[PDB]
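Enquirer: How does the following fold in three dimensions:
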Amino acid sequence: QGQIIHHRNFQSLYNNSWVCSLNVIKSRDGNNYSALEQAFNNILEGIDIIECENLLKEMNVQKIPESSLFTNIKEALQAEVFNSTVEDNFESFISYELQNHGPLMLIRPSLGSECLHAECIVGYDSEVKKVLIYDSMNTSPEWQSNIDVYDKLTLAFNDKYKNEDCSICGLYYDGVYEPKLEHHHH
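Expert: Numbers count the residues shown, from 1 in each chain. Below you will find the coordinate block:
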């Protein structure tokens, strides 16, 4: 024949991405999450994303609460609309969430819907209309355009891309997070 095929188990690291994302949102000040020291932290024979919901709760990670801005963004996401008005609302939404709730973890379908994928929104600058993304399937943190992040949100929030195991999909935060109120002299 000239056909040689070995039969071996495959593991995707997509399933490990929720653990990385959990560390991002639970950690502070460039350290790791202090309660790290279970299958939880295993590469092989660990906990798949689809199974992680109870563990997220136990780490005081919760879905972001309902709000007018969030309702408005979801409506635009469902309608597949992007314009200056949607972008203004997106900026206001991401800014409020980052300020008040801290870094967000997004759990979403992979493009093509094979696997779930977790990544984090860690920062925003209105000066350049870019979002700081920590996606552990990349080699490093990346600043991405608003439209590129909007496309990621579309997979999590537009009904075209959702099914039953997608109840876990959405935006999460560290329930322990409190903003630090800075004072300036001038």
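Enquirer: and the gap between residue 73 and residue 167?
Expert: 19 Å (Cβ to Cβ, to the nearest Å). For every residue, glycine as well, the C-beta is placed using N, CA and C.
Enquirer: list the contacts for the residue nearest the centre of the chain?
Expert: For the chain, the residue sitting closest to the mean C-alpha position, by Cα atoms, centre = their mean, is residue 106 at 1.9 Å. Counting by Cβ atoms under 8 Å, 6 or more residues apart in numbering, residue 106 touches 118, 119, 120, 121, 152, 153, 156, 170, 171, 172.
Enquirer: Keep only those of those that are in helices.
Expert: Taking DSSP state H as the definition of helices, those contribute 152, 153, 156.
Enquirer: I'd like those residues written out as JSON lines, with neighbour count added.
Expert: Below are those laid out as JSON lines (neighbours: other Cβ atoms under 10 Å):
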{"residue": "152", "neighbour count": "19"}
{"residue": "153", "neighbour count": "21"}
{"residue": "156", "neighbour count": "21"}
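Enquirer: Relative to residue 77, which of those residues is nearest.
Expert: residue 153 (5.7 Å; Cβ to Cβ).
Enquirer: Spatially nearest residue to the closest one (excluding sequence neighbours)?
Expert: residue 77 (5.7 Å; Cβ to Cβ, 6 or more residues apart in numbering).
Enquirer: what does residue 41 give?
Expert: Counting by Cβ to Cβ, 6+ apart, the residue nearest residue 41 is residue 19, at 6.4 Å.
Enquirer: Likewise for residue 135?
Expert: residue 119 (3.8 Å).
Enquirer: so what's that neighbour up against?
Expert: Neighbour list for residue 119: 17, 21, 105, 106, 108, 133, 134, 135, 136, 137, 152 [criterion: Cβ under 8 Å, 6+ apart].
Enquirer: Can you tell me the SS state at the second one?
Expert: It refers to residue 21. Three-state call for residue 21 (DSSP: H, G, I helix; E, B strand; the rest coil): helix.
Enquirer: Scan the chain for its longest helix.
Expert: From DSSP H, the single longest helix across the chain is helix 84-100.
Enquirer: Give me the residues contacting that one.
Expert: So helix 84-100 is contacted by 64, 67, 69-70, 72-73, 76, 104, 121, 123-124, 126, 129, 131, 146, 149-150, 171, 173, 179 (Cβ under 8 Å, 6+ apart).
Enquirer: Fine, thanks again, bye for now.
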